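A short worksheet on the structure shown next.
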Amino acid sequence: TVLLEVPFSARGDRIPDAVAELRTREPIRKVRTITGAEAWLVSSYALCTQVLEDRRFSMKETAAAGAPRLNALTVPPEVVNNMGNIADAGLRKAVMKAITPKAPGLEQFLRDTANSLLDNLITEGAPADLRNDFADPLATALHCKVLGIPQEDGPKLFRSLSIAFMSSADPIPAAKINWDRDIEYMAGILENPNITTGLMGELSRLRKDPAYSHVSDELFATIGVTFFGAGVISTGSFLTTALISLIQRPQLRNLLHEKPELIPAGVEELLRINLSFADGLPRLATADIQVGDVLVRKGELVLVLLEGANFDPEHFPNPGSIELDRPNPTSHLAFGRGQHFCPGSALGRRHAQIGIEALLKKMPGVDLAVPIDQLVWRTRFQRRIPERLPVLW
Ligand code: HEM
Ligand SMILES: O=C1N[C@@H](Cc2ccc(O)c(Cl)c2)C(=O)N[C@H]1Cc1ccc(O)cc1
């Protein structure tokens, strides 16, 4: 037989039995990626945390020419170091402040938008597609608001994402076409005097501030494209797969309906059990480093399997059960850990909380309209998502 291949499954509704077997028997072990490269797959909470907390396992270096690759780049190599470039330009604090959910009116915008989307679905009648006609539109509207760009530009930017977030063995010509076009769009936004709010409004002001005169226009536009893209794909995909986990747990669905103050704790458990990331997080070793029983060598690829950590019974007893009273509820790795911890974690939480709150109020009897095995799971993609999520209520 051939070396074990990753990823194991594109399904986002069940974790394969192989994960628990590897975690117990070989929590770091060699696998083969879709490009044909070898890598170390890390699947226990202890070893996943070790890797993510040691910067000698470098995100930036995964873009080096000739490196063993998880998948092909869909962005220019410099963009793998996006957060480092933002930090070096002195923009970290400004970006972080712009993507907080605490901006005035933003939560009321989210609620209003969620309720309008649901009203339209009710009006049209069942079955409804909760991904294409609820979760993803809600994500897109939120990120247009956060960025300060017109709501009507959301759909065209969104249509790049089914290619931009592909997990491909080879370079993708369409990724470059859409990237160059979306960069041109964000560059136009920086020169548009109508754009004065949100992240792009703030970047547009800083761009003309003498303290930032040598920050490149390329970086400013890239921040817009990457934060829209990562934010929308991440929140839309998480919300979609969380709704599946909720629908499949009618007791929890009813509890959260009856006691909405528990929704934050429920979203924390839905994050923990979420399978939205289709591959382990990649890092390239910049030194020889012992991880468990393996000496990883400089230049090797390591993959941090988030569901390995998050379903590890040694850290989360009864890991497959959603339990709202865990003593360590936020210690999951759904947002990563260490240098590259998700900068939009608070906003992703509020997106899901408000979306679920609205759905349970408007459609308390929501249920799948097809057998769960009929969901079609997107393949060769950086997220696990069903192509359609048909529900009735
Ligand atoms: C529930 C939703 C979200 C999930 C589950 C999520 C998950 C993650 C994870 C696991 C990482 C770490 C990747 C790594 O270490 O290799 C990450 C990074 C990132 N997230 Fe999120 N995220 C979410 C929402 C958002 C939002 C709303 C934004 C922006 C508005 C965003 C922007 C990013 C960016 C830019 C990075 C890269 C950070 C870096 O390179 O250092 N995410 N996200
Ligand atoms: O900001 C980044 N940091 C790093 C790390 C990263 C990679 C993939 C992700 O999914 C996440 Cl979430 C993080 C990067 O390589 N690229 C962007 C995100 C991004 C990728 C493609 C695209 O078309 C738009 C944005």
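Chain labels A, B, ... are given in the sequence in which chains occur in the structure tokens; within each chain residues are numbered consecutively from 1, and ligands are likewise numbered from 1 in the order shown.
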Discussion item. Can you pull out every residue from range 144-341 of chain A that DSSP, working from the backbone, puts in alpha helix (DSSP H), and format the result as a count of residues only?
Written reply: 96
Excluding residue 238 in chain A and residues on its chain fewer than 3 positions from it, collect all residues at most 8 Å away from it, counting only C-alpha atoms, and give them as a PDB file with N, CA, C and O atoms, in the first residue's frame.
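That gives us part-v2.pdb:
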ATOM      1  N   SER A 234     -14.738  32.200   5.903  1.00  0.00           N
ATOM      2  CA  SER A 234     -14.628  31.581   7.220  1.00  0.00           C
ATOM      3  C   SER A 234     -15.945  31.665   7.982  1.00  0.00           C
ATOM      4  O   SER A 234     -16.403  30.661   8.543  1.00  0.00           O
ATOM      5  N   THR A 235     -16.577  32.849   8.010  1.00  0.00           N
ATOM      6  CA  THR A 235     -17.832  32.979   8.755  1.00  0.00           C
ATOM      7  C   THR A 235     -18.984  32.260   8.049  1.00  0.00           C
ATOM      8  O   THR A 235     -19.796  31.595   8.703  1.00  0.00           O
ATOM      9  N   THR A 241     -21.976  25.036   8.675  1.00  0.00           N
ATOM     10  CA  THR A 241     -21.787  23.711   9.270  1.00  0.00           C
ATOM     11  C   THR A 241     -22.266  23.690  10.722  1.00  0.00           C
ATOM     12  O   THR A 241     -22.727  22.648  11.204  1.00  0.00           O
ATOM     13  N   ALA A 242     -22.235  24.837  11.416  1.00  0.00           N
ATOM     14  CA  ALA A 242     -22.818  24.909  12.752  1.00  0.00           C
ATOM     15  C   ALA A 242     -24.330  24.715  12.725  1.00  0.00           C
ATOM     16  O   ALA A 242     -24.896  24.115  13.644  1.00  0.00           O
ATOM     17  N   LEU A 271     -18.099  25.979  17.649  1.00  0.00           N
ATOM     18  CA  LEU A 271     -16.748  26.243  17.157  1.00  0.00           C
ATOM     19  C   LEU A 271     -15.822  25.075  17.456  1.00  0.00           C
ATOM     20  O   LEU A 271     -15.070  24.621  16.584  1.00  0.00           O
ATOM     21  N   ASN A 274     -16.398  22.108  15.162  1.00  0.00           N
ATOM     22  CA  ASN A 274     -16.534  22.467  13.792  1.00  0.00           C
ATOM     23  C   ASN A 274     -15.468  21.836  12.874  1.00  0.00           C
ATOM     24  O   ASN A 274     -14.348  21.861  13.177  1.00  0.00           O
ATOM     25  N   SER A 276     -14.986  22.872   9.660  1.00  0.00           N
ATOM     26  CA  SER A 276     -14.976  23.740   8.493  1.00  0.00           C
ATOM     27  C   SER A 276     -13.612  23.790   7.808  1.00  0.00           C
ATOM     28  O   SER A 276     -13.554  23.938   6.586  1.00  0.00           O
ATOM     29  N   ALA A 352     -22.048  34.382  14.067  1.00  0.00           N
ATOM     30  CA  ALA A 352     -22.746  33.120  14.295  1.00  0.00           C
ATOM     31  C   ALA A 352     -23.811  33.266  15.373  1.00  0.00           C
ATOM     32  O   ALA A 352     -24.916  32.722  15.243  1.00  0.00           O
TER      33      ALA A 352
END
Worksheet entry | DSSP strand (DSSP E or B) selection over range 6-79 of chain A, as a ChimeraX atom specification | /A:28-32,38-42,57-58
With only C-alpha atoms and all ligand atoms counted, collect every polymer residue having an atom within 9 Å of ligand 2; state the result as a PDB file with N, CA, C and O atoms, in the first residue's frame.
ATOM      1  N   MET A  59       4.622  29.940   9.258  1.00  0.00           N
ATOM      2  CA  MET A  59       3.662  30.099   8.166  1.00  0.00           C
ATOM      3  C   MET A  59       4.344  30.714   6.945  1.00  0.00           C
ATOM      4  O   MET A  59       4.208  30.213   5.822  1.00  0.00           O
ATOM      5  N   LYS A  60       5.071  31.815   7.146  1.00  0.00           N
ATOM      6  CA  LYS A  60       5.651  32.541   6.024  1.00  0.00           C
ATOM      7  C   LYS A  60       6.463  31.627   5.121  1.00  0.00           C
ATOM      8  O   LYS A  60       6.373  31.716   3.890  1.00  0.00           O
ATOM      9  N   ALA A  63       5.626  29.386   1.820  1.00  0.00           N
ATOM     10  CA  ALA A  63       5.568  29.933   0.467  1.00  0.00           C
ATOM     11  C   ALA A  63       6.905  29.882  -0.268  1.00  0.00           C
ATOM     12  O   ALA A  63       6.979  30.306  -1.428  1.00  0.00           O
ATOM     13  N   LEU A  73      -0.342  27.672  -4.270  1.00  0.00           N
ATOM     14  CA  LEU A  73      -0.708  29.021  -3.863  1.00  0.00           C
ATOM     15  C   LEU A  73      -1.829  29.558  -4.746  1.00  0.00           C
ATOM     16  O   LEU A  73      -1.800  29.395  -5.969  1.00  0.00           O
ATOM     17  N   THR A  74      -2.804  30.237  -4.127  1.00  0.00           N
ATOM     18  CA  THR A  74      -3.836  30.981  -4.854  1.00  0.00           C
ATOM     19  C   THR A  74      -3.671  32.494  -4.711  1.00  0.00           C
ATOM     20  O   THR A  74      -4.504  33.261  -5.207  1.00  0.00           O
ATOM     21  N   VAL A  75      -2.604  32.928  -4.047  1.00  0.00           N
ATOM     22  CA  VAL A  75      -2.267  34.339  -3.870  1.00  0.00           C
ATOM     23  C   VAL A  75      -0.781  34.506  -4.132  1.00  0.00           C
ATOM     24  O   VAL A  75      -0.034  33.523  -4.167  1.00  0.00           O
ATOM     25  N   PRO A  76      -0.329  35.743  -4.342  1.00  0.00           N
ATOM     26  CA  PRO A  76       1.111  35.967  -4.497  1.00  0.00           C
ATOM     27  C   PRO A  76       1.855  35.530  -3.241  1.00  0.00           C
ATOM     28  O   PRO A  76       1.326  35.647  -2.123  1.00  0.00           O
ATOM     29  N   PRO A  77       3.085  35.022  -3.394  1.00  0.00           N
ATOM     30  CA  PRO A  77       3.782  34.454  -2.218  1.00  0.00           C
ATOM     31  C   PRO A  77       3.923  35.420  -1.056  1.00  0.00           C
ATOM     32  O   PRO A  77       3.889  34.983   0.104  1.00  0.00           O
ATOM     33  N   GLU A  78       4.090  36.716  -1.329  1.00  0.00           N
ATOM     34  CA  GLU A  78       4.231  37.689  -0.252  1.00  0.00           C
ATOM     35  C   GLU A  78       2.989  37.730   0.630  1.00  0.00           C
ATOM     36  O   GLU A  78       3.091  38.011   1.828  1.00  0.00           O
ATOM     37  N   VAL A  79       1.818  37.413   0.071  1.00  0.00           N
ATOM     38  CA  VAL A  79       0.555  37.484   0.806  1.00  0.00           C
ATOM     39  C   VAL A  79       0.420  36.395   1.861  1.00  0.00           C
ATOM     40  O   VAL A  79      -0.355  36.558   2.804  1.00  0.00           O
ATOM     41  N   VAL A  80       1.169  35.298   1.762  1.00  0.00           N
ATOM     42  CA  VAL A  80       1.183  34.340   2.867  1.00  0.00           C
ATOM     43  C   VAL A  80       1.626  35.014   4.161  1.00  0.00           C
ATOM     44  O   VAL A  80       1.208  34.614   5.255  1.00  0.00           O
ATOM     45  N   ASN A  81       2.469  36.048   4.060  1.00  0.00           N
ATOM     46  CA  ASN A  81       2.941  36.819   5.204  1.00  0.00           C
ATOM     47  C   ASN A  81       2.093  38.062   5.455  1.00  0.00           C
ATOM     48  O   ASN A  81       2.593  39.067   5.984  1.00  0.00           O
ATOM     49  N   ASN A  82       0.813  38.003   5.096  1.00  0.00           N
ATOM     50  CA  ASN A  82      -0.072  39.159   5.147  1.00  0.00           C
ATOM     51  C   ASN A  82      -0.012  39.871   6.487  1.00  0.00           C
ATOM     52  O   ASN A  82       0.138  41.098   6.540  1.00  0.00           O
ATOM     53  N   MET A  83      -0.173  39.129   7.585  1.00  0.00           N
ATOM     54  CA  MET A  83      -0.205  39.779   8.892  1.00  0.00           C
ATOM     55  C   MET A  83       1.152  40.387   9.233  1.00  0.00           C
ATOM     56  O   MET A  83       1.225  41.454   9.852  1.00  0.00           O
ATOM     57  N   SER A 160     -15.652  35.257  -6.400  1.00  0.00           N
ATOM     58  CA  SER A 160     -14.282  34.788  -6.529  1.00  0.00           C
ATOM     59  C   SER A 160     -13.970  33.634  -5.580  1.00  0.00           C
ATOM     60  O   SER A 160     -12.988  32.915  -5.794  1.00  0.00           O
ATOM     61  N   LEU A 161     -14.766  33.446  -4.527  1.00  0.00           N
ATOM     62  CA  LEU A 161     -14.275  32.662  -3.398  1.00  0.00           C
ATOM     63  C   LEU A 161     -14.293  31.159  -3.658  1.00  0.00           C
ATOM     64  O   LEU A 161     -13.481  30.434  -3.069  1.00  0.00           O
ATOM     65  N   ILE A 163     -13.176  29.709  -6.066  1.00  0.00           N
ATOM     66  CA  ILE A 163     -11.890  29.420  -6.682  1.00  0.00           C
ATOM     67  C   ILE A 163     -10.725  29.868  -5.803  1.00  0.00           C
ATOM     68  O   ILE A 163      -9.741  29.138  -5.659  1.00  0.00           O
ATOM     69  N   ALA A 164     -10.832  31.053  -5.191  1.00  0.00           N
ATOM     70  CA  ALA A 164      -9.749  31.597  -4.377  1.00  0.00           C
ATOM     71  C   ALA A 164      -9.374  30.670  -3.227  1.00  0.00           C
ATOM     72  O   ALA A 164      -8.215  30.628  -2.801  1.00  0.00           O
ATOM     73  N   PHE A 165     -10.351  29.970  -2.662  1.00  0.00           N
ATOM     74  CA  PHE A 165     -10.111  29.096  -1.521  1.00  0.00           C
ATOM     75  C   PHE A 165     -10.074  27.628  -1.914  1.00  0.00           C
ATOM     76  O   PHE A 165     -10.215  26.758  -1.053  1.00  0.00           O
ATOM     77  N   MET A 166      -9.820  27.343  -3.191  1.00  0.00           N
ATOM     78  CA  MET A 166      -9.536  25.984  -3.615  1.00  0.00           C
ATOM     79  C   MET A 166      -8.258  25.475  -2.961  1.00  0.00           C
ATOM     80  O   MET A 166      -7.328  26.234  -2.659  1.00  0.00           O
ATOM     81  N   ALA A 175      -7.720  31.815 -10.457  1.00  0.00           N
ATOM     82  CA  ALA A 175      -7.427  32.503  -9.206  1.00  0.00           C
ATOM     83  C   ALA A 175      -6.710  33.816  -9.479  1.00  0.00           C
ATOM     84  O   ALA A 175      -6.994  34.837  -8.838  1.00  0.00           O
ATOM     85  N   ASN A 178      -9.177  36.549 -11.003  1.00  0.00           N
ATOM     86  CA  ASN A 178     -10.059  37.131  -9.999  1.00  0.00           C
ATOM     87  C   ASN A 178      -9.262  37.980  -9.017  1.00  0.00           C
ATOM     88  O   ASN A 178      -9.722  39.048  -8.593  1.00  0.00           O
ATOM     89  N   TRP A 179      -8.068  37.511  -8.634  1.00  0.00           N
ATOM     90  CA  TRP A 179      -7.224  38.276  -7.722  1.00  0.00           C
ATOM     91  C   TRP A 179      -6.889  39.644  -8.302  1.00  0.00           C
ATOM     92  O   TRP A 179      -7.087  40.675  -7.648  1.00  0.00           O
ATOM     93  N   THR A 222      -4.448  44.941  -0.843  1.00  0.00           N
ATOM     94  CA  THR A 222      -4.392  43.540  -0.446  1.00  0.00           C
ATOM     95  C   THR A 222      -5.116  43.312   0.871  1.00  0.00           C
ATOM     96  O   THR A 222      -5.810  42.303   1.028  1.00  0.00           O
ATOM     97  N   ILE A 223      -4.992  44.246   1.820  1.00  0.00           N
ATOM     98  CA  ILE A 223      -5.695  44.096   3.089  1.00  0.00           C
ATOM     99  C   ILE A 223      -7.190  43.970   2.833  1.00  0.00           C
ATOM    100  O   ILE A 223      -7.872  43.120   3.424  1.00  0.00           O
ATOM    101  N   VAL A 225      -8.782  42.910   0.003  1.00  0.00           N
ATOM    102  CA  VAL A 225      -9.141  41.658  -0.660  1.00  0.00           C
ATOM    103  C   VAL A 225      -9.051  40.490   0.313  1.00  0.00           C
ATOM    104  O   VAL A 225      -9.955  39.644   0.373  1.00  0.00           O
ATOM    105  N   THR A 226      -7.953  40.416   1.076  1.00  0.00           N
ATOM    106  CA  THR A 226      -7.741  39.276   1.963  1.00  0.00           C
ATOM    107  C   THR A 226      -8.719  39.273   3.135  1.00  0.00           C
ATOM    108  O   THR A 226      -9.189  38.207   3.541  1.00  0.00           O
ATOM    109  N   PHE A 227      -9.030  40.437   3.717  1.00  0.00           N
ATOM    110  CA  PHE A 227      -9.929  40.410   4.872  1.00  0.00           C
ATOM    111  C   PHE A 227     -11.365  40.138   4.456  1.00  0.00           C
ATOM    112  O   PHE A 227     -12.102  39.460   5.181  1.00  0.00           O
ATOM    113  N   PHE A 228     -11.780  40.641   3.296  1.00  0.00           N
ATOM    114  CA  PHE A 228     -13.078  40.244   2.772  1.00  0.00           C
ATOM    115  C   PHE A 228     -13.111  38.740   2.519  1.00  0.00           C
ATOM    116  O   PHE A 228     -14.025  38.038   2.969  1.00  0.00           O
ATOM    117  N   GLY A 229     -12.112  38.226   1.808  1.00  0.00           N
ATOM    118  CA  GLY A 229     -12.095  36.828   1.417  1.00  0.00           C
ATOM    119  C   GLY A 229     -12.033  35.845   2.565  1.00  0.00           C
ATOM    120  O   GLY A 229     -12.884  34.947   2.663  1.00  0.00           O
ATOM    121  N   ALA A 230     -11.023  35.992   3.424  1.00  0.00           N
ATOM    122  CA  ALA A 230     -10.891  35.130   4.594  1.00  0.00           C
ATOM    123  C   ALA A 230     -12.088  35.271   5.526  1.00  0.00           C
ATOM    124  O   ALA A 230     -12.611  34.271   6.036  1.00  0.00           O
ATOM    125  N   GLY A 231     -12.546  36.502   5.754  1.00  0.00           N
ATOM    126  CA  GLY A 231     -13.678  36.702   6.646  1.00  0.00           C
ATOM    127  C   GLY A 231     -14.945  36.047   6.130  1.00  0.00           C
ATOM    128  O   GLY A 231     -15.630  35.327   6.858  1.00  0.00           O
ATOM    129  N   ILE A 233     -15.419  33.680   3.652  1.00  0.00           N
ATOM    130  CA  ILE A 233     -15.370  32.219   3.536  1.00  0.00           C
ATOM    131  C   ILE A 233     -15.395  31.574   4.918  1.00  0.00           C
ATOM    132  O   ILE A 233     -16.013  30.521   5.114  1.00  0.00           O
ATOM    133  N   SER A 234     -14.738  32.200   5.903  1.00  0.00           N
ATOM    134  CA  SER A 234     -14.628  31.581   7.220  1.00  0.00           C
ATOM    135  C   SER A 234     -15.945  31.665   7.982  1.00  0.00           C
ATOM    136  O   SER A 234     -16.403  30.661   8.543  1.00  0.00           O
ATOM    137  N   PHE A 277     -12.508  23.675   8.550  1.00  0.00           N
ATOM    138  CA  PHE A 277     -11.197  23.681   7.903  1.00  0.00           C
ATOM    139  C   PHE A 277     -10.913  22.296   7.327  1.00  0.00           C
ATOM    140  O   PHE A 277     -10.837  21.308   8.069  1.00  0.00           O
ATOM    141  N   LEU A 281      -3.561  22.979   9.380  1.00  0.00           N
ATOM    142  CA  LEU A 281      -2.893  24.261   9.159  1.00  0.00           C
ATOM    143  C   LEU A 281      -1.430  24.004   8.829  1.00  0.00           C
ATOM    144  O   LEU A 281      -0.748  23.293   9.575  1.00  0.00           O
ATOM    145  N   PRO A 282      -0.908  24.555   7.734  1.00  0.00           N
ATOM    146  CA  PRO A 282       0.488  24.260   7.373  1.00  0.00           C
ATOM    147  C   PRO A 282       1.525  25.173   8.013  1.00  0.00           C
ATOM    148  O   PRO A 282       1.313  26.370   8.211  1.00  0.00           O
ATOM    149  N   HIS A 340      -0.355  33.452  14.735  1.00  0.00           N
ATOM    150  CA  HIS A 340      -1.328  33.635  13.664  1.00  0.00           C
ATOM    151  C   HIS A 340      -2.769  33.406  14.111  1.00  0.00           C
ATOM    152  O   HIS A 340      -3.638  33.153  13.271  1.00  0.00           O
ATOM    153  N   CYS A 342      -6.524  33.940  14.800  1.00  0.00           N
ATOM    154  CA  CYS A 342      -7.446  34.674  13.954  1.00  0.00           C
ATOM    155  C   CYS A 342      -7.667  36.091  14.480  1.00  0.00           C
ATOM    156  O   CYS A 342      -8.094  36.258  15.634  1.00  0.00           O
ATOM    157  N   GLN A 382     -10.538  24.621   0.632  1.00  0.00           N
ATOM    158  CA  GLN A 382      -9.912  24.878   1.920  1.00  0.00           C
ATOM    159  C   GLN A 382     -10.901  24.834   3.072  1.00  0.00           C
ATOM    160  O   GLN A 382     -10.473  24.802   4.231  1.00  0.00           O
ATOM    161  N   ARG A 383     -12.203  24.823   2.774  1.00  0.00           N
ATOM    162  CA  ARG A 383     -13.251  24.630   3.759  1.00  0.00           C
ATOM    163  C   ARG A 383     -14.079  23.416   3.369  1.00  0.00           C
ATOM    164  O   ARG A 383     -14.131  23.013   2.202  1.00  0.00           O
TER     165      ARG A 383
END
Worksheet entry | Exercise: residue 303 in chain A partners within 8 Å, only C-alpha atoms, chain neighbours under 2 positions left out, as a PyMOL selection string | chain A and resi 39-42+279-283+301+305
Output C-alpha atoms of each residue in that selection to a file, as an mmCIF file, in the first residue's frame.
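Everything below was put into selection.cif:
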data_model
loop_
_atom_site.group_PDB
_atom_site.id
_atom_site.type_symbol
_atom_site.label_atom_id
_atom_site.label_comp_id
_atom_site.auth_asym_id
_atom_site.auth_seq_id
_atom_site.Cartn_x
_atom_site.Cartn_y
_atom_site.Cartn_z
ATOM 1 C CA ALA A 39 4.290 16.029 5.627
ATOM 2 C CA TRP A 40 3.905 15.380 9.350
ATOM 3 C CA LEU A 41 0.242 15.293 10.435
ATOM 4 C CA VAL A 42 -0.211 16.365 14.073
ATOM 5 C CA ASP A 279 -6.888 20.524 5.802
ATOM 6 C CA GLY A 280 -4.483 20.845 8.697
ATOM 7 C CA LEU A 281 -2.893 24.261 9.159
ATOM 8 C CA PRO A 282 0.488 24.260 7.373
ATOM 9 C CA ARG A 283 3.850 25.256 8.836
ATOM 10 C CA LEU A 301 6.022 20.493 6.237
ATOM 11 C CA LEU A 305 -5.158 19.005 12.354
#
Discussion item. For a quick check of understanding, using only C-alpha atoms and all ligand atoms, which of A:148, A:101, A:371, A:127 has the smallest distance to ligand 1?
Written reply: A:101
Closest atom pairs, residues of range 282-351 of chain A within 9 Å of range 15-31 of chain A, only C-alpha atoms, as a Markdown table:
| residue | atom | partner | partner_atom | distance |
| --- | --- | --- | --- | --- |
| A:291 | CA | A:28 | CA | 7.5 |
| A:292 | CA | A:28 | CA | 7.0 |
| A:293 | CA | A:28 | CA | 7.6 |
| A:294 | CA | A:28 | CA | 7.1 |
| A:307 | CA | A:15 | CA | 8.0 |
| A:308 | CA | A:19 | CA | 6.4 |
| A:309 | CA | A:23 | CA | 8.9 |
| A:311 | CA | A:20 | CA | 8.2 |
| A:312 | CA | A:23 | CA | 7.7 |
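Counting only C-alpha atoms and all ligand atoms and comparing A:318, A:310, A:9, A:194, the residue that lies closest to ligand 1 is A:310.
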Worksheet item: In terms of the shortest atom-to-atom distance over only C-alpha atoms, which of A:263, A:135, A:206, A:289 is closest to residue 236 in chain A?
Response: A:135
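The environment of residue 265 in chain A within 6 Å, counting only C-alpha atoms and disregarding residues fewer than 3 places along the same chain, consists of residues 262, 268 and 324 of chain A.
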Discussion item. Which residues are near range 258-261 of chain A? Cut-off 7 Å, only C-alpha atoms, ignore same chain within fewer than 3 positions. Put them as an MDAnalysis selection string.
Written reply: chainID A and resid 254:255 357
Selection above as a file: N, CA, C and O atoms, as a PDB file, in the first residue's frame:
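Saved result, part_13.pdb, follows:
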ATOM      1  N   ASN A 254     -33.778  23.258  20.875  1.00  0.00           N
ATOM      2  CA  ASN A 254     -34.900  23.726  21.684  1.00  0.00           C
ATOM      3  C   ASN A 254     -34.422  24.482  22.918  1.00  0.00           C
ATOM      4  O   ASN A 254     -34.993  25.519  23.275  1.00  0.00           O
ATOM      5  N   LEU A 255     -33.372  23.983  23.578  1.00  0.00           N
ATOM      6  CA  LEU A 255     -32.807  24.693  24.724  1.00  0.00           C
ATOM      7  C   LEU A 255     -32.371  26.103  24.339  1.00  0.00           C
ATOM      8  O   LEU A 255     -32.704  27.074  25.027  1.00  0.00           O
ATOM      9  N   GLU A 357     -29.422  33.173  16.642  1.00  0.00           N
ATOM     10  CA  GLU A 357     -30.499  33.773  17.425  1.00  0.00           C
ATOM     11  C   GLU A 357     -31.679  34.105  16.524  1.00  0.00           C
ATOM     12  O   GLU A 357     -32.829  33.773  16.835  1.00  0.00           O
TER      13      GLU A 357
END
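Between CA of residue 207 in chain A and CA of residue 219 in chain A the interatomic distance comes to 10.3 Å.
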Item to complete: Point out the residue among A:195, A:346, A:128, A:4 with the least atom-to-atom distance to ligand 1, counting only C-alpha atoms and all ligand atoms.
Response: A:346
